[PDB]
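Below is one structure, written out as structure tokens, with a few remarks after it.
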Amino acid sequence: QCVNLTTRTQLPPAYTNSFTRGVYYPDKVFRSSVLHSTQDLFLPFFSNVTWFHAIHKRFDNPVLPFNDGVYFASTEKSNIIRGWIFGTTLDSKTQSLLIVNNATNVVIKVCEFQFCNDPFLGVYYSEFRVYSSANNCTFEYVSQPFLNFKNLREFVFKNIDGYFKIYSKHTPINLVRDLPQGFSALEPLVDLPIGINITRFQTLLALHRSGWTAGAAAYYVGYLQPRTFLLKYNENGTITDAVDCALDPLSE
Amino acid sequence: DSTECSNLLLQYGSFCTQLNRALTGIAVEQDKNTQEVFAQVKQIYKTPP
Amino acid sequence: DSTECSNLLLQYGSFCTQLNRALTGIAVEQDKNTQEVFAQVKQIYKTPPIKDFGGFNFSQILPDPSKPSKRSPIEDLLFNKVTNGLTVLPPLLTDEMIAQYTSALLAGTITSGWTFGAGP
Amino acid sequence: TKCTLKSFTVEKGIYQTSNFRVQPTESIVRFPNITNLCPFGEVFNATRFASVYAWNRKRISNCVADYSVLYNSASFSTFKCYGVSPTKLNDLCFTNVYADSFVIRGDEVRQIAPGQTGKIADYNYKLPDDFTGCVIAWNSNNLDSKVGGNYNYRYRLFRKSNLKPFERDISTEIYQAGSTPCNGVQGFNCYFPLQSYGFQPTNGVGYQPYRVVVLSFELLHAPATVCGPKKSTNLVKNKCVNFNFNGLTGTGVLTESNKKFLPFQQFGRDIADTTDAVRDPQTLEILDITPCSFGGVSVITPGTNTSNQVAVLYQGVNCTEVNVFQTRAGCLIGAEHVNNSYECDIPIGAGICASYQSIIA
Amino acid sequence: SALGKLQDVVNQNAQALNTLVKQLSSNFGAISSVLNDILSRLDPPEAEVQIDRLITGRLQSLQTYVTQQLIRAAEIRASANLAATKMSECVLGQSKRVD
Amino acid sequence: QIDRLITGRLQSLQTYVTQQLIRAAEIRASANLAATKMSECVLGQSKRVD
Ligand SMILES: *[C@@H]1O[C@H](CO)[C@@H](O[C@@H]2O[C@H](CO)[C@@H](O)[C@H](O)[C@H]2NC(C)=O)[C@H](O)[C@H]1NC(C)=O
Ligand SMILES: *[C@@H]1O[C@H](CO)[C@@H](O[C@@H]2O[C@H](CO)[C@@H](O)[C@H](O)[C@H]2NC(C)=O)[C@H](O)[C@H]1NC(C)=O
Ligand SMILES: *[C@@H]1O[C@H](CO)[C@@H](O)[C@H](O)[C@H]1NC(C)=O
Ligand SMILES: *[C@@H]1O[C@H](CO)[C@@H](O)[C@H](O)[C@H]1NC(C)=O
Ligand SMILES: *[C@@H]1O[C@H](CO)[C@@H](O)[C@H](O)[C@H]1NC(C)=O
Ligand SMILES: *[C@@H]1O[C@H](CO)[C@@H](O)[C@H](O)[C@H]1NC(C)=O
Ligand SMILES: *[C@@H]1O[C@H](CO)[C@@H](O)[C@H](O)[C@H]1NC(C)=O
Ligand SMILES: *[C@@H]1O[C@H](CO)[C@@H](O)[C@H](O)[C@H]1NC(C)=O
Ligand SMILES: *[C@@H]1O[C@H](CO)[C@@H](O)[C@H](O)[C@H]1NC(C)=O
């Protein structure tokens, strides 16, 4: 089942500042009270991060590139954002990745989904229209639920050597509109052995029905580049500060 | 300007950093030597006409 | 702890002995330097209990009896302001004995002037 | 001391002769508590394999793997391993195993190697230059041959570019070897990319069907899943033991650590880039690896003209791990400690000196 | 920054020790920088080559460290001789030497 | 071949830096002597013979 959404309002996507967000733990090694220099796929400091809205009539589900990696920020309240779609052609010709977080659990499936043009979820005030078929499935993984704007969700999606690394951080905030300025190191959430080609990704949202109404939410998409960071590990093994080695001569 | 040469040179580690640091120490040592020898007065005196 | 690595290392000869000899020479040279700088007096002089020096105050440079380290306030400030087969050998003269040597030199130069450096 | 100084007369003083390090006592192997065997049988003893252009990859994780079953059995003509020893594979732990099975001819068995060229290496199956694993090839004449020709095993003969390592290509498009477009029809200068082996049992040993399984081991930084059949021993602490924690080998003293590991972290490391903390695979306990007591042995002696009595100093070693006297410089054996103070004759260190009067300190 | 000379000497010695320890993390062209991994992964014919590469790299690093240690020892010896001269001439007597 | 050139040039550069350090120590000793002569012979009258 597929449904066209024909009540959208045309608006260009916005841009804002990354500040000092997007830092994740580069490896699974404990380090304490040290300054460690690492070269990895990181989000540059103070970069131009793309801003998408969900407000009522805005419903931003565009076609975005994946490139090397994706930083996904979410200023979320009342749980509209439910999952992501990864793939290359997003049809039955190639194999695609489904990540969903419904009311019970988080489901990861690697199948050849025949995706709809407008994949979405729905809340009645009981609606699931994402794909029409799933024929060849190789990987399944059922896990715990991962999840004024009250909640900040940071995720980092990387695909190296057939491994999909998802890094996550949950932050209590009270800022109304933009990204708060500060530092928060993203802990690794899951490592998935999907082994598939990913060049395009989709955000999955949830409708609110009595047509449809979009709940208030906002998300941000940034792109990772290979660069060097100097990370500071405190006495408790937590990354408390970082330096972008190629940003400006002071940090260099 | 050979990138393959630099890629092979990266196998040897931080030798270049040590050589640059030693030369920098020598270079600041020369200025320190001149400062100790000649700058022994903080008043610039002149002879009478 | 690899025996095969040491067996292969024995092909290079007495390089390890040379490096250990050089490090031992440096280590004894540091103790010789400390002896040359601080151990210039064979008498441990002490100040009199009454600090009557004609108005001159030496409390900031004489050792403090209240402190367990027996250091001067200036020396205490100086000590506060300075912060896989490797071993650190302790120095032959400890910090309290070096402080005792400096205290002896201070007592000699206060109570006797330059006379203690040339004789009795 | 006489042998070290290369002289029969030793002057008065202290001389560094050798180094002391405490030997390990026990050996402690800690592997995860898994029992289920991963299907090497379904990889090797399958009824029908796949062709080399569509080579079959099976992911292997979370198992005990007995590699000496594959090694010692007299069934594989080639068991040639790259980057690891075949006999040592029982004593190692890997995060993931890729088993890539296909069928080729005998003369193409050589082409399954890093840094080699041919039709299979360029167009069908490419191995990276940093390959760590084994290549296991055995003859399959009774299974893969038939009188009149077995044409169900095809290899890719034509491609525009060479394959990347571990890239699978199953596309069937007509190769344009000339200027004329092919439009999906074979003909002049337009060939099908897949070419049949055409196996017969009367063929030569070069044209003979060999089944090849390539095992590649992910040794990268990750939790280890595939482990050998080595049995786990009980944990002993506060002693110098050799340890094998999930394939990580070392020698040290395992103690309790106050380091609060995050739950995704297995190892610990410091500014010296040394593994000083590990997570126990079984109890999920974080253990501090303090390396064991060591130091130098110094022989304190007077002149051989005076006396032949000697004392030994173990530098930076406490006296309980070796006339016993504990100094800050180390443990001193053979010299009696006195409460009287004299001038320094033989320097020991940390305010301690030695003299001869017996040897006193 | 009053006590910069002593802190400079302490920092130089600590940095030399840190560099010498850090040089163990380099493989010097071998497959790994850990000797136990090579001894547990490879047969002795190729482990001999890998251990030989590690030995020559670490020996070059150690000789370099000893060379700068000897140079710094000479510098510290000159400074200590100057300090002994100042102790003899300024503390134990009155000096006519200007500055 | 490039590795042979790299190790030869690196050995040459290490030799150059080592001899430069030795000459720097010698020049530092000479400069300390010159500063002592500046303080004691120019800024005052010295009783030291020669
Ligand atoms: C929702 O809209 C999309 C695009 O507006 C529809 O996709 C097209 O559907 C027609 C009819 O089947 C095809 O001829 C086009 O080729 C499709 N476009 C693309 C790019 O593939 C989609 O069918 C609509 N959904 C429903 C349920 O009608
Ligand atoms: C010498 O100097 C010390 C320190 O300046 C004097 O000690 C001070 O004495 C006053 C009055 O007794 C106290 O209020 C201060 O707290 C003391 N300071 C310290 C650091 O002890 C001392 O009085 C001076 N004179 C003599 C003869 O020692
Ligand atoms: C971000 O990009 C848009 C267009 O791509 C540009 O107009 C805007 O100025 C950029 N912002 C920053 C901070 O660079
Ligand atoms: C991944 O997909 C893109 C486009 O879908 C393609 O250009 C690229 O070659 C693919 N890579 C692999 C390894 O299949
Ligand atoms: C969530 O999804 C899983 C699998 O897709 C399903 O088993 C479960 O019933 C779903 N829960 C709800 C509340 O829809
Ligand atoms: C994928 O699914 C299609 C249709 O369900 C089937 O024809 C095809 O063989 C499948 N591919 C694999 C590799 O199983
Ligand atoms: C580290 O953890 C301890 C709790 O044991 C806490 O008291 C301390 O503040 C923490 N350090 C930092 C920098 O947060
Ligand atoms: C395959 O089957 C034979 C039966 O004779 C057995 O001996 C052999 O061990 C099996 N191979 C594997 C890998 O299990
Ligand atoms: C097996 O290992 C788990 C850790 O995943 C541990 O909780 C459990 O107690 C172990 N069981 C036995 C019998 O050792």
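Residues are named by chain letter and number: chains run A, B, ... in the order of the structure tokens, numbers start at 1 in each chain, and ligands are numbered from 1 in the order shown.
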Filtered DSSP result for chain F, state helix (DSSP H, G or I), as a PyMOL selection string: chain F and resi 2-42
Keeping only N, CA and C atoms, write those residues as a short mmCIF file (atom, residue, chain, number, x, y, z; two decimals), in the first residue's frame.
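After the write, selection.cif holds the following:
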```
data_model
loop_
_atom_site.label_atom_id
_atom_site.label_comp_id
_atom_site.auth_asym_id
_atom_site.auth_seq_id
_atom_site.Cartn_x
_atom_site.Cartn_y
_atom_site.Cartn_z
N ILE F 2 62.99 3.51 -4.33
CA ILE F 2 62.66 4.71 -3.57
C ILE F 2 62.92 4.49 -2.09
N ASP F 3 62.69 3.27 -1.58
CA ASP F 3 62.99 2.96 -0.18
C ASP F 3 64.49 3.05 0.10
N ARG F 4 65.32 2.57 -0.84
CA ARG F 4 66.77 2.71 -0.70
C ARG F 4 67.19 4.17 -0.70
N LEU F 5 66.60 4.98 -1.59
CA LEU F 5 66.91 6.41 -1.61
C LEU F 5 66.44 7.09 -0.33
N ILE F 6 65.28 6.69 0.20
CA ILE F 6 64.74 7.27 1.42
C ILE F 6 65.63 6.96 2.61
N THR F 7 66.08 5.71 2.75
CA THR F 7 66.91 5.38 3.90
C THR F 7 68.30 6.02 3.79
N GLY F 8 68.85 6.13 2.57
CA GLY F 8 70.12 6.83 2.41
C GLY F 8 70.02 8.31 2.74
N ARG F 9 68.97 8.98 2.24
CA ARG F 9 68.80 10.40 2.52
C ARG F 9 68.45 10.65 3.98
N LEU F 10 67.69 9.75 4.60
CA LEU F 10 67.38 9.88 6.02
C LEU F 10 68.62 9.71 6.88
N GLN F 11 69.51 8.77 6.52
CA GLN F 11 70.77 8.63 7.24
C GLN F 11 71.64 9.86 7.08
N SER F 12 71.67 10.43 5.86
CA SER F 12 72.43 11.66 5.62
C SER F 12 71.88 12.82 6.43
N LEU F 13 70.55 12.94 6.49
CA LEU F 13 69.92 14.04 7.22
C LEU F 13 70.13 13.89 8.72
N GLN F 14 70.06 12.66 9.24
CA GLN F 14 70.35 12.43 10.66
C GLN F 14 71.80 12.75 10.99
N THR F 15 72.73 12.40 10.10
CA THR F 15 74.14 12.74 10.30
C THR F 15 74.34 14.25 10.31
N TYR F 16 73.68 14.95 9.38
CA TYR F 16 73.77 16.41 9.31
C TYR F 16 73.21 17.07 10.56
N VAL F 17 72.07 16.59 11.05
CA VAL F 17 71.45 17.18 12.24
C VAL F 17 72.30 16.90 13.48
N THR F 18 72.90 15.70 13.56
CA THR F 18 73.76 15.37 14.69
C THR F 18 75.01 16.25 14.73
N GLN F 19 75.67 16.44 13.58
CA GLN F 19 76.85 17.29 13.57
C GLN F 19 76.48 18.76 13.76
N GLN F 20 75.28 19.17 13.31
CA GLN F 20 74.79 20.51 13.58
C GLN F 20 74.54 20.72 15.07
N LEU F 21 74.04 19.69 15.76
CA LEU F 21 73.85 19.77 17.20
C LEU F 21 75.18 19.89 17.94
N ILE F 22 76.20 19.15 17.48
CA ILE F 22 77.53 19.23 18.09
C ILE F 22 78.13 20.62 17.88
N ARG F 23 78.00 21.16 16.66
CA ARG F 23 78.49 22.51 16.40
C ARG F 23 77.68 23.56 17.16
N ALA F 24 76.39 23.31 17.37
CA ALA F 24 75.57 24.22 18.17
C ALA F 24 76.01 24.23 19.62
N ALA F 25 76.38 23.06 20.16
CA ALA F 25 76.93 23.01 21.52
C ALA F 25 78.25 23.77 21.62
N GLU F 26 79.11 23.61 20.61
CA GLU F 26 80.39 24.33 20.61
C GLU F 26 80.19 25.84 20.52
N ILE F 27 79.28 26.28 19.65
CA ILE F 27 78.98 27.70 19.49
C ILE F 27 78.31 28.25 20.74
N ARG F 28 77.47 27.45 21.41
CA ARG F 28 76.86 27.87 22.66
C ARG F 28 77.91 28.07 23.75
N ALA F 29 78.90 27.18 23.82
CA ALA F 29 79.99 27.36 24.77
C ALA F 29 80.80 28.62 24.47
N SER F 30 81.08 28.86 23.19
CA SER F 30 81.81 30.07 22.79
C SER F 30 81.00 31.33 23.08
N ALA F 31 79.69 31.28 22.88
CA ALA F 31 78.83 32.42 23.14
C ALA F 31 78.70 32.70 24.63
N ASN F 32 78.67 31.64 25.46
CA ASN F 32 78.69 31.83 26.90
C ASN F 32 79.99 32.47 27.35
N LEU F 33 81.11 32.05 26.74
CA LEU F 33 82.39 32.69 27.03
C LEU F 33 82.39 34.16 26.60
N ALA F 34 81.80 34.45 25.43
CA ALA F 34 81.73 35.82 24.93
C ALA F 34 80.85 36.69 25.82
N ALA F 35 79.75 36.14 26.32
CA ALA F 35 78.90 36.88 27.25
C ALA F 35 79.62 37.14 28.57
N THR F 36 80.41 36.18 29.03
CA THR F 36 81.21 36.38 30.24
C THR F 36 82.25 37.47 30.04
N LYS F 37 82.89 37.50 28.87
CA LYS F 37 83.85 38.56 28.57
C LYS F 37 83.15 39.91 28.41
N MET F 38 81.94 39.93 27.87
CA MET F 38 81.17 41.16 27.76
C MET F 38 80.82 41.71 29.14
N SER F 39 80.42 40.84 30.06
CA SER F 39 80.07 41.28 31.40
C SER F 39 81.29 41.71 32.20
N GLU F 40 82.40 40.97 32.09
CA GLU F 40 83.52 41.19 33.00
C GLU F 40 84.61 42.09 32.45
N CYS F 41 84.78 42.18 31.13
CA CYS F 41 85.84 43.03 30.59
C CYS F 41 85.33 44.38 30.11
N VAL F 42 84.11 44.44 29.58
CA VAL F 42 83.57 45.68 29.04
C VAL F 42 82.82 46.46 30.11
#
```
Residues within 6 Å of ligand 1, counting only C-alpha atoms and all ligand atoms, as a PyMOL selection string: chain A and resi 2-4+117
Counting only C-alpha atoms, chain D residues within 7 Å of chain A, as a list in words: residues 260, 261, 264, 265, 266, 267, 268, 269, 270 and 271 of chain D
Export of the given selection (N, CA and C atoms) as an mmCIF file, in the first residue's frame:
```
data_model
loop_
_atom_site.group_PDB
_atom_site.id
_atom_site.type_symbol
_atom_site.label_atom_id
_atom_site.label_comp_id
_atom_site.auth_asym_id
_atom_site.auth_seq_id
_atom_site.Cartn_x
_atom_site.Cartn_y
_atom_site.Cartn_z
ATOM 1 N N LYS D 260 35.928 2.480 35.260
ATOM 2 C CA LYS D 260 34.552 2.191 34.872
ATOM 3 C C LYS D 260 34.495 2.121 33.355
ATOM 4 N N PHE D 261 34.490 0.903 32.824
ATOM 5 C CA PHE D 261 34.371 0.720 31.385
ATOM 6 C C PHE D 261 32.953 1.016 30.926
ATOM 7 N N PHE D 264 30.371 -1.020 25.757
ATOM 8 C CA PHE D 264 30.880 -1.449 24.460
ATOM 9 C C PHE D 264 32.383 -1.686 24.457
ATOM 10 N N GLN D 265 33.090 -1.291 25.513
ATOM 11 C CA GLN D 265 34.545 -1.351 25.534
ATOM 12 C C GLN D 265 35.016 -2.697 26.065
ATOM 13 N N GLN D 266 35.949 -3.318 25.344
ATOM 14 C CA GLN D 266 36.579 -4.556 25.791
ATOM 15 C C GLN D 266 37.955 -4.308 26.400
ATOM 16 N N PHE D 267 38.864 -3.711 25.638
ATOM 17 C CA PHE D 267 40.211 -3.457 26.123
ATOM 18 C C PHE D 267 40.278 -2.117 26.847
ATOM 19 N N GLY D 268 41.378 -1.915 27.563
ATOM 20 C CA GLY D 268 41.767 -0.599 28.022
ATOM 21 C C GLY D 268 43.173 -0.265 27.579
ATOM 22 N N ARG D 269 43.514 1.020 27.555
ATOM 23 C CA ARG D 269 44.821 1.436 27.069
ATOM 24 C C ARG D 269 45.134 2.789 27.694
ATOM 25 N N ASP D 270 46.418 3.117 27.740
ATOM 26 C CA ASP D 270 46.912 4.317 28.400
ATOM 27 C C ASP D 270 47.676 5.192 27.407
ATOM 28 N N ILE D 271 48.370 6.198 27.948
ATOM 29 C CA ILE D 271 49.169 7.118 27.144
ATOM 30 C C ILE D 271 50.394 6.417 26.558
#
```
Environment of ligand 8 within 8 Å, counting only C-alpha atoms and all ligand atoms, reported as a PyMOL selection string: chain D and resi 39-45+69-70+73
Within 8 Å of chain B: residues of chain E, using only C-alpha atoms, as a PDB file with N, CA and C atoms, in the first residue's frame:
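Writing the result to out.pdb gives the following:
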```
ATOM      1  N   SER E  26      55.073   1.513  16.809  1.00  0.00           N
ATOM      2  CA  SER E  26      55.314   1.492  15.377  1.00  0.00           C
ATOM      3  C   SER E  26      55.771   0.103  14.962  1.00  0.00           C
ATOM      4  N   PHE E  28      57.275  -0.568  12.002  1.00  0.00           N
ATOM      5  CA  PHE E  28      58.483  -0.415  11.178  1.00  0.00           C
ATOM      6  C   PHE E  28      58.429  -1.283   9.921  1.00  0.00           C
ATOM      7  N   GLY E  29      57.245  -1.378   9.321  1.00  0.00           N
ATOM      8  CA  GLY E  29      57.054  -2.175   8.133  1.00  0.00           C
ATOM      9  C   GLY E  29      56.614  -3.601   8.381  1.00  0.00           C
TER      10      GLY E  29
END
```
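Restricting the atom set to only C-alpha atoms and all ligand atoms, one finds that the residues within 8 Å of ligand 4 amount to residues 88, 89, 197, 198 and 199 of chain A; 167 of chain D.
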Distance filter 12 Å around ligand 9, atoms: only C-alpha atoms and all ligand atoms, out as a PyMOL selection string: chain D and resi 30-35+62+225+232-235+279-285
For residue 4 (chain E): contacts at 10 Å, only C-alpha atoms, fewer than 5 positions along chain excluded, given as a count of residues only: 3
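Taking CA of residue 13 (chain C) and CA of residue 19 (chain D) as the two end points, the separation is 17.6 Å.
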Residues near residue 72 (chain A), cut-off 6 Å, only C-alpha atoms, skip fewer than 6 positions along chain, as number ranges by chain: A: 154-155, 220-221
DSSP strand (DSSP E or B) selection over region 64-116 of chain A, as an MDAnalysis selection string: chainID A and resid 64:65 69:76 83:87 96:101 106:116
Could the residues in this selection be written to a file with N, CA, C and O atoms, as a CSV table (one decimal), in the first residue's frame?
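Dumped to result_19.csv:
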```csv
chain,number,residue,atom,x,y,z
A,64,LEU,N,18.0,12.1,-0.3
A,64,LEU,CA,19.3,12.6,0.1
A,64,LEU,C,20.4,11.6,-0.2
A,64,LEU,O,20.2,10.4,-0.1
A,65,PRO,N,21.6,12.1,-0.6
A,65,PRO,CA,22.7,11.2,-0.8
A,65,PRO,C,23.2,10.8,0.6
A,65,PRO,O,23.0,11.4,1.6
A,69,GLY,N,29.4,9.2,5.0
A,69,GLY,CA,28.7,9.0,6.2
A,69,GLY,C,27.7,10.1,6.5
A,69,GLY,O,27.8,11.2,5.9
A,70,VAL,N,26.7,9.8,7.4
A,70,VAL,CA,25.7,10.7,7.7
A,70,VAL,C,25.5,11.0,9.2
A,70,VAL,O,25.4,10.0,10.0
A,71,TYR,N,25.6,12.3,9.6
A,71,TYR,CA,25.2,12.7,10.9
A,71,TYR,C,23.8,13.1,10.9
A,71,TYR,O,23.4,14.0,10.1
A,72,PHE,N,23.0,12.6,11.8
A,72,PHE,CA,21.5,12.8,11.9
A,72,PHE,C,21.2,13.4,13.2
A,72,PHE,O,21.3,12.7,14.3
A,73,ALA,N,20.8,14.6,13.3
A,73,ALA,CA,20.4,15.3,14.5
A,73,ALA,C,18.8,15.4,14.5
A,73,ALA,O,18.2,15.7,13.5
A,74,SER,N,18.2,15.3,15.7
A,74,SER,CA,16.8,15.3,15.8
A,74,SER,C,16.4,16.1,17.0
A,74,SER,O,16.7,15.7,18.2
A,75,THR,N,15.7,17.3,16.8
A,75,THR,CA,15.1,18.0,17.9
A,75,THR,C,13.6,17.5,17.9
A,75,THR,O,12.9,17.8,17.0
A,76,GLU,N,13.4,16.6,18.8
A,76,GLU,CA,12.2,15.8,18.8
A,76,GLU,C,11.4,15.9,20.1
A,76,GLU,O,12.0,15.9,21.2
A,83,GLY,N,12.3,5.9,12.0
A,83,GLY,CA,13.3,5.0,11.4
A,83,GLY,C,13.9,5.6,10.1
A,83,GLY,O,13.7,6.8,9.8
A,84,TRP,N,14.7,4.8,9.5
A,84,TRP,CA,15.5,5.2,8.3
A,84,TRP,C,15.4,4.1,7.2
A,84,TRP,O,15.3,2.9,7.5
A,85,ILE,N,15.7,4.5,6.0
A,85,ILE,CA,15.8,3.7,4.8
A,85,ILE,C,17.2,3.9,4.2
A,85,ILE,O,17.6,5.1,4.0
A,86,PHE,N,17.9,2.8,3.9
A,86,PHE,CA,19.2,2.9,3.3
A,86,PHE,C,19.2,2.0,2.0
A,86,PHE,O,18.5,1.0,2.0
A,87,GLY,N,19.9,2.5,1.0
A,87,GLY,CA,20.0,1.7,-0.2
A,87,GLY,C,20.7,2.4,-1.3
A,87,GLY,O,21.3,3.4,-1.1
A,96,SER,N,18.1,-3.5,0.1
A,96,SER,CA,18.0,-2.2,0.9
A,96,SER,C,17.8,-2.6,2.4
A,96,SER,O,17.4,-3.7,2.8
A,97,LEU,N,18.2,-1.6,3.2
A,97,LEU,CA,18.2,-1.7,4.7
A,97,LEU,C,17.0,-0.9,5.3
A,97,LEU,O,16.8,0.3,4.9
A,98,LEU,N,16.3,-1.5,6.2
A,98,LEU,CA,15.1,-1.0,6.9
A,98,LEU,C,15.5,-0.9,8.4
A,98,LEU,O,15.8,-1.9,9.0
A,99,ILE,N,15.4,0.3,9.0
A,99,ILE,CA,15.5,0.4,10.4
A,99,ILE,C,14.2,1.1,10.9
A,99,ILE,O,13.9,2.2,10.4
A,100,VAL,N,13.4,0.5,11.7
A,100,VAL,CA,12.2,1.1,12.3
A,100,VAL,C,12.2,0.9,13.8
A,100,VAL,O,12.8,0.0,14.4
A,101,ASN,N,11.5,1.9,14.5
A,101,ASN,CA,11.3,1.8,15.9
A,101,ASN,C,9.8,2.1,16.2
A,101,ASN,O,9.4,3.3,16.3
A,106,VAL,N,12.8,-2.2,18.2
A,106,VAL,CA,13.6,-1.7,17.1
A,106,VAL,C,13.9,-2.9,16.1
A,106,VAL,O,14.5,-3.9,16.6
A,107,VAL,N,13.5,-2.8,14.9
A,107,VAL,CA,13.6,-3.8,13.9
A,107,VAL,C,14.6,-3.4,12.8
A,107,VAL,O,14.4,-2.3,12.2
A,108,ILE,N,15.6,-4.2,12.5
A,108,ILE,CA,16.5,-4.0,11.4
A,108,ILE,C,16.4,-5.1,10.4
A,108,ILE,O,16.5,-6.3,10.8
A,109,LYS,N,16.0,-4.9,9.2
A,109,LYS,CA,15.9,-5.9,8.2
A,109,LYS,C,16.6,-5.5,6.9
A,109,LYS,O,16.5,-4.3,6.5
A,110,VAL,N,17.3,-6.4,6.3
A,110,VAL,CA,18.0,-6.2,5.0
A,110,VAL,C,17.3,-7.1,4.0
A,110,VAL,O,17.4,-8.3,3.9
A,111,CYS,N,16.4,-6.4,3.2
A,111,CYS,CA,15.6,-7.2,2.2
A,111,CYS,C,15.5,-6.4,0.9
A,111,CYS,O,16.0,-5.2,0.9
A,112,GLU,N,15.0,-7.0,-0.1
A,112,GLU,CA,14.8,-6.2,-1.4
A,112,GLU,C,13.3,-5.7,-1.4
A,112,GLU,O,12.4,-6.2,-2.0
A,113,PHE,N,13.2,-4.6,-0.7
A,113,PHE,CA,11.9,-3.9,-0.5
A,113,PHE,C,11.5,-3.2,-1.8
A,113,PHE,O,12.4,-2.4,-2.4
A,114,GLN,N,10.3,-3.3,-2.3
A,114,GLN,CA,9.8,-2.4,-3.3
A,114,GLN,C,9.1,-1.2,-2.6
A,114,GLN,O,8.0,-1.2,-2.2
A,115,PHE,N,9.9,-0.2,-2.4
A,115,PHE,CA,9.5,1.0,-1.6
A,115,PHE,C,8.5,1.8,-2.3
A,115,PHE,O,8.5,2.0,-3.5
A,116,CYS,N,7.7,2.5,-1.5
A,116,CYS,CA,6.7,3.4,-1.9
A,116,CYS,C,7.4,4.8,-2.2
A,116,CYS,O,8.6,5.0,-1.8
```
Test item: residues at most 9 Å from region 9-11 of chain C, only C-alpha atoms, excluding those fewer than 6 positions along its chain, as JSON, numbers by chain: {"E": [52, 55, 56]}
Close residues to ligand 5 using only C-alpha atoms and all ligand atoms, limit 6 Å, as a ChimeraX atom specification: /A:102-105
Close residues to ligand 3 using only C-alpha atoms and all ligand atoms, limit 10 Å, as a VMD selection string: chain A and resid 13 to 18 46 to 50
Export of prior selection with C-alpha atoms as a CSV table (one decimal), in the first residue's frame:
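Result saved to part20.csv:
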```csv
chain,number,residue,atom,x,y,z
A,13,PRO,CA,15.6,23.3,3.0
A,14,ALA,CA,17.4,25.4,5.5
A,15,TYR,CA,21.0,25.5,6.7
A,16,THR,CA,22.6,26.1,10.1
A,17,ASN,CA,25.8,25.7,12.1
A,18,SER,CA,27.1,22.3,13.3
A,46,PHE,CA,31.1,24.7,12.5
A,47,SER,CA,30.0,23.1,9.2
A,48,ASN,CA,26.9,23.8,7.1
A,49,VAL,CA,24.3,21.3,8.3
A,50,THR,CA,21.0,21.0,6.4
```
Selected residue of minimal separation from ligand 6 among A:208, A:129, A:93, A:158, counting only C-alpha atoms and all ligand atoms: A:93
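Of the residues under consideration (D:346, D:28, D:300, D:361), D:346 shows the shortest atom-to-atom contact distance to chain C when counting only C-alpha atoms.
Near chain F, the residues of chain B that fall inside 10 Å (using only C-alpha atoms) are residues 4, 5, 6, 8, 9, 12, 15, 16, 18, 19, 20, 22, 23, 25, 26, 27, 29, 30, 32, 33, 34, 35, 36, 37, 38, 39, 40 and 41 of chain B.
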Only C-alpha atoms, please: the residues just picked out, written as a tab-separated table (two decimals), in the first residue's frame.
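part-v1.tsv, written as the output of this step:
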```
chain	number	residue	atom	x	y	z
B	4	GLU	CA	54.60	7.53	-3.35
B	5	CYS	CA	57.86	8.60	-1.69
B	6	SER	CA	55.94	10.36	1.09
B	8	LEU	CA	56.80	5.15	1.96
B	9	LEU	CA	58.31	7.80	4.26
B	12	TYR	CA	59.27	5.43	9.41
B	15	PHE	CA	61.69	11.12	12.27
B	16	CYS	CA	60.95	14.32	10.32
B	18	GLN	CA	62.42	15.08	15.49
B	19	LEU	CA	64.74	16.62	12.88
B	20	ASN	CA	62.57	19.76	12.63
B	22	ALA	CA	66.20	19.74	16.75
B	23	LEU	CA	66.75	22.38	14.05
B	25	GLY	CA	66.01	24.27	19.03
B	26	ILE	CA	69.31	25.20	17.36
B	27	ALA	CA	67.66	28.17	15.62
B	29	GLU	CA	69.50	28.85	20.60
B	30	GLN	CA	71.34	31.15	18.16
B	32	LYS	CA	69.34	33.28	22.66
B	33	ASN	CA	73.13	33.41	22.25
B	34	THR	CA	73.00	36.80	20.52
B	35	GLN	CA	70.55	38.07	23.17
B	36	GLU	CA	72.86	36.99	26.00
B	37	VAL	CA	75.98	38.43	24.37
B	38	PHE	CA	74.85	41.83	23.10
B	39	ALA	CA	71.64	42.75	24.96
B	40	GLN	CA	73.22	43.32	28.37
B	41	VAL	CA	71.86	46.88	28.74
```
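With only C-alpha atoms and all ligand atoms as the basis for measurement, A:135 is the residue among A:79, A:94, A:37, A:135 that approaches ligand 6 most closely.
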